[PDB]
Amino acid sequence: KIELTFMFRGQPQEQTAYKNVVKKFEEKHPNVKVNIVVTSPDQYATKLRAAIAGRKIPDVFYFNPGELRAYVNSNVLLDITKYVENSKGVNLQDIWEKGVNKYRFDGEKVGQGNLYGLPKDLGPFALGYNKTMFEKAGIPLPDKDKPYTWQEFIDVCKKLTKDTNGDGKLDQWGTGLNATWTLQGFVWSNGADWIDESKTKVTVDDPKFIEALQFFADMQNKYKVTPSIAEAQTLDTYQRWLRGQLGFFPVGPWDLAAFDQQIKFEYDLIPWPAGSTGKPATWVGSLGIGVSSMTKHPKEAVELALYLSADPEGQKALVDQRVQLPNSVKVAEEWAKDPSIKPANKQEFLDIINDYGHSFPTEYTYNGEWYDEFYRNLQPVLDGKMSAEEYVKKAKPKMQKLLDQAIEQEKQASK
């Protein structure tokens, strides 16, 4: 008799897994029907923005932690605190505190107070390597604790870059990193960031940032340890990693089902190479599961969010289907130690969460437009047509204007 709309995003394997788990919810609650709206990850922001702009908000939906404050100011997210407290058996205290706190807001600041969502997951972005490739090449395996230096990383990547079938053409490469998702770790481990400590000033013109960005671009253009510009256009580097053509590529827990299906070589996880700080860095992602402030069925909507986020049955199903690591800390710790479940160094995911993982800079700001502007015109740097130094000088004032506007807009919307 009750109908809920559940809006979310995922790669094909994630869509299938969540659709399966929603069906399990519907078996458990036969009086609730869940109507699904699902998109690809890149489509999602646009489609959710449109829903909110028209005030036709789905009952339950994914959202970005960087939108939490804006969504509260505009009365988008229901305060679900009391529903979560009253629910049978639920124990959020078992869930990653880092995850739960991203969706708490006390009226002034994030991290404390009322719950406005539940964590879908934590998404530590690890570095994988192709063990099959290393062993066929006779290269000593990477250490699972001590990061490569940047120069050591380039050195091994060069050794891996070769013509393996002897037709005279390179057909295997050290790596092929996507700047959108992998620049951050090089920037951070080199002691830089997109913004200052106060999160109000753009700092991409820091020499440490420039060094990190130029190093990144140089992997393709100078050190030549990646497919060429044309080769990556022909077949993108994620696909080339699946086919066993690349030595190194990132791995998120959401990748595991796709990798189970398509990757035939042995791979394992390692820390990211470290810049001047000598400490590895990468991001820990998260999405929240929120409830529409205007839902006609808040109890059932929170029950769906809880089933996906915290319920041991719903959680076990998601972990079994290899699209995330457990939200329960104790379950995650014994998961990581189970050697029958690969990669062998699953533990690296937990090390990222507990130690060297950072948030995206936009998680700190009222909106992300300032950061999107950095990436919007970045490709000429990546393709060697413009220096890192020249680009960040040009981008910085455009970014700063947008950031200033985000800051002002928060002041206005929170009045």
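Residue positions are given as counts along the sequence shown, with the first one as 1.
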{"item": "Stretch exceeding the other in mean C-alpha B-factor - 388-396, 403-411", "value": "403-411"}
{"item": "Entry-level comparison of average CA B-factors, 315-323 and 108-116, reporting the higher stretch", "value": "108-116"}
{"item": "Residue selected from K222, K201, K159, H297 by maximal Cα B factor", "value": "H297"}
{"item": "C-alpha B-factor winner, where the candidates are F248, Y83, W188, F216", "value": "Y83"}
{"item": "Lowest, middle or highest third - CA B-factor, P58", "value": "middle"}
{"item": "Cα B factor band for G357 (lowest, middle or highest third within the chain)", "value": "lowest"}
{"item": "Chain third (lowest, middle, highest) by recorded CA B-factor, residue given as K342", "value": "middle"}
{"item": "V381 - which third its CA temperature factor falls in, relative to the rest of the chain", "value": "lowest"}
{"item": "Chain-relative CA temperature factor third for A301", "value": "middle"}
